[PDB]
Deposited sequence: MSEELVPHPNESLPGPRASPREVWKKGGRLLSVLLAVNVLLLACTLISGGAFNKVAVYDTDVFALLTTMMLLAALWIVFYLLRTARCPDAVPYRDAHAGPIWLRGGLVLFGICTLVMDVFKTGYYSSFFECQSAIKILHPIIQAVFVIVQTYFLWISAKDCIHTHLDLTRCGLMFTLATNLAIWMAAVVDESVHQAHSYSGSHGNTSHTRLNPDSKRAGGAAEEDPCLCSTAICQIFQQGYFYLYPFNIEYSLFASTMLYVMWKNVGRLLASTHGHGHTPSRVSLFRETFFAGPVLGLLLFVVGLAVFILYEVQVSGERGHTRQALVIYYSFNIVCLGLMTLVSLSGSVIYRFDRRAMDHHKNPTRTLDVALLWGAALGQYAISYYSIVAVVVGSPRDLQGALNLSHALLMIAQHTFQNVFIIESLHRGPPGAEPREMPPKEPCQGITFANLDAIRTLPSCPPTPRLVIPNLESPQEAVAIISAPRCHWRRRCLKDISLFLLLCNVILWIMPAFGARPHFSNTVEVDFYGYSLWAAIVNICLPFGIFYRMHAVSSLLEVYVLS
């Protein structure tokens, strides 16, 4: 029963991916009305099954806790873009299409119905098939959203806000996959860590608002790299310091999900860093921006690796200074993970400091790379904070 649902999802996803990639990367003309028509169709049956599932279940392990919160946060963002889309598109109908208008309406309906369904708590065969088709619907929306940014380059304001379709589809797919598996299942502070973390959070918040929400001057590029190098460098030292603390000091099983999620979600920033490193080593003239870009890219790999080691060891384990110091290390890393969570979440994907990478790969290729890998940093930062909350609670 499980294999039938998996095969249905992949076959549906493959057909959707071919239509999305074929209609955008062809040489005759770029097609979006058919892509919108396909996505509007896929959400319809996905919404219909969920609506049927909700009605048939009203009379009648869970994954990360932060999944529900991130799903609602990005679902609301996906609702705002749809509301702005219909308002602008319904202003004039003689120049546009019906799908240009039915698609945001159906997506808004799909987001509302799916977000409520995933938030709340027998025919297992239909349930698995419906969930897996819903997973394929979200992954098709994720791929179309990624391709949409790649091919790029009052009207309800100016559509300055960008569609958060990549991030919501990631959270929805994870929640649907988790639920699909479960179908038929049988004080103490030195006043030095939190203070430093709060200062870095305040400084980074100013940088994000000043330069990252939206051509920028040289000082702006220096400020952004200076903060990130300091922020990532401090966690690298702090996480390393925490690891050697445990060195001076089994029966519980290995938390496979925690280790897989921490290392798995760190792959997104690894790919961005690896792409950036070769884009600096080659192309990026030897200049201040190249040195800052190379150090920042290298520090992301170091920060992700050494923070993961500290978190994994601390969870598995479960001198008066020993406990007091670990509270600040957990708290400093917790605050430093929150501040750099906003950049992959609410920052312009291509970024302004990525001139070297954009010149090396081109805007179309680099935009696709960041739009694929940066949203996975949202998963890592959210899971690191929750894991550090757990670590800080115990010891």
In sequence order, the deposited stretches missing their CA atoms are 1-27, 88-96, 158-163, 196-236, 270-286, 315-319, 355-360, 430-486
